[PDB]
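Okay, so here's just one chain, in structure tokens, the form deposited in one PDB entry.
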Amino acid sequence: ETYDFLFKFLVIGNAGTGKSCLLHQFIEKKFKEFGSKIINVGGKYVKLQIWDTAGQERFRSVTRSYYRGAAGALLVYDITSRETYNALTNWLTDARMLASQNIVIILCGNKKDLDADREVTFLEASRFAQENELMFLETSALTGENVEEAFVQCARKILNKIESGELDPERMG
């Protein structure tokens, strides 16, 4: 009720990486495109308005009108598909070009439950994240692991940047 901020989030990344299932897990706490949820972050209630690009990756969603105004984005790859990890630089560039240069991004390496099929290590991706000014978590939309955490860390960093005067909360974000 007493929600104090409203942030537009994107969920972006290659087709097949689990973007739809991540949102269903976050909102409904089940495995299984728009969603909204209010979370409490350090005593502030934040409404998230989540634009999930599932099924619209090959080009429909990759536009100024869709990205515009997003304060945060979950950039999703699949730990079992190296190509989806190689595509991150493309998606990072998209997000910065089409939303803004200061969009807050969290890298999500999804399907961590598929340990036997892993093609991208945690350590390599963590190093990449550190190099590209990115938060990073591995997630499983299947089990729920780190799903809530991904949205919450993204929201917390946005609030931190509002506090630091790096982000204008009435601007894009």
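Superpose the two forms; the largest set of C-alphas matching within 1.5 Å is the rigid core. Start at 1 with the first residue shown and count on from there. Shifts are known only where both forms have a C-alpha.
What comes next is about the form deposited in another entry, which does not appear here.
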Residue among 137, 54, 48, 70 with C-alpha shift of 2 Å or more between this form and the one not shown, core superposed: 54
Relative Cα spacing, residue 89 and residue 62, in the other form - shift of 3 Å or more: farther
Given that the distance between the C-alpha atoms of residue 61 and residue 111 changes by 3 Å or more in the other form, do they end up closer or farther than here? farther
In sequence order, the rigid core aligned, runs of at least 3 residues with C-alpha shifts of 2 Å or more between this form and the one not shown are 54-65
